[PDB]
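Shown below, as structure tokens, is a lone chain in the form deposited in one PDB entry; questions about how it binds or moves come after it.
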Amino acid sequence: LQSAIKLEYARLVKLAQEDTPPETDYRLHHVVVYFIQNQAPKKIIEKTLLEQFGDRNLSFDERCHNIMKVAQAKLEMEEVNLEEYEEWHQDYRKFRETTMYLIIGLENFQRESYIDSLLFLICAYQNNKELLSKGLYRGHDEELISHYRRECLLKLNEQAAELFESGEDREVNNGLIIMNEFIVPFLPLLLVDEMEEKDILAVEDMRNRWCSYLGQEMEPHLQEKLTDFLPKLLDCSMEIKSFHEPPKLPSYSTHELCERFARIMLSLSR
């Protein structure tokens, strides 16, 4: 059947146009769905379909063997544009990893493991902005990732402040280590854009919280600690390293990707 590829392409177009609830994202099921929703050239899509049919070497199924030879025939026929071809498949692999960062970030947020959550959400947010640079359908819901990155910062800040309010030397030092390790270094990320008003207000809310302890009386060696810390939190400088190493992802199957995405989207309460 010289048209099995045309049948399959027409099926994926239909899948690509279906309206689906937030837990279901057929871009995670097939690279060609990602391509269709992102206006990939018809030729990029056909080559991807032909290679999915024609890449194998062996078959025990007469009908599939024949479809394999047909696809290998068309593929063997300047029109290749390999850099464009590799670029689209790299973009899809980045979409899958971005999804996996987001899932682990949201899973840990829901478990209230905010230290583990935060870096995944920050990485997901930044990768997602890089995807959406290239088009509207390249990535994930910006307002959702924006919401959880911001709420995860505020909850970790709450955790650090309540440690500080306890007034014990170990807990104060631990709270200040949280602020200096996980929060202060990423404050510039939430100030980059004046249009992102909720992020601006959240940075101001975190800064007010730590300043309001000036209005409280406490052990003076702790007051010296607060006094050295506050300039760090209130600093005007936007100095931030340009590359950050991403947290480690455990190996995962596409099956895991899709199912864990569905499961966290369905249990999240926002």
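Numbering starts at 1 and follows the sequence shown. Rigid core here is just the name for the largest C-alpha set that superposes within 1.5 Å across the two forms.
Not on display, but discussed next: the form deposited in another entry.
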{"property": "Displaced position between this form and the one not shown, chosen from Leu234, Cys211, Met218, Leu201 (C-alpha, 2 Å or more, rigid core)", "result": "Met218"}
{"property": "Shift of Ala71 between this form and the one not shown at or above 2 Å (CA, core fit)", "result": "yes"}
{"property": "Exceeds or equals 2 Å, Cα of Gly167 between this form and the one not shown, core fit", "result": "yes"}
{"property": "Threshold 2 Å Cα movement between this form and the one not shown at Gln39, rigid core reference", "result": "no"}
{"property": "Pair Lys6/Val70, Cα separation in the other entry versus the displayed form, closer or farther by 3 angstroms or more", "result": "farther"}
{"property": "Sense of CA distance change between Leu58 and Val31 in the other entry, threshold 3 Å", "result": "closer"}
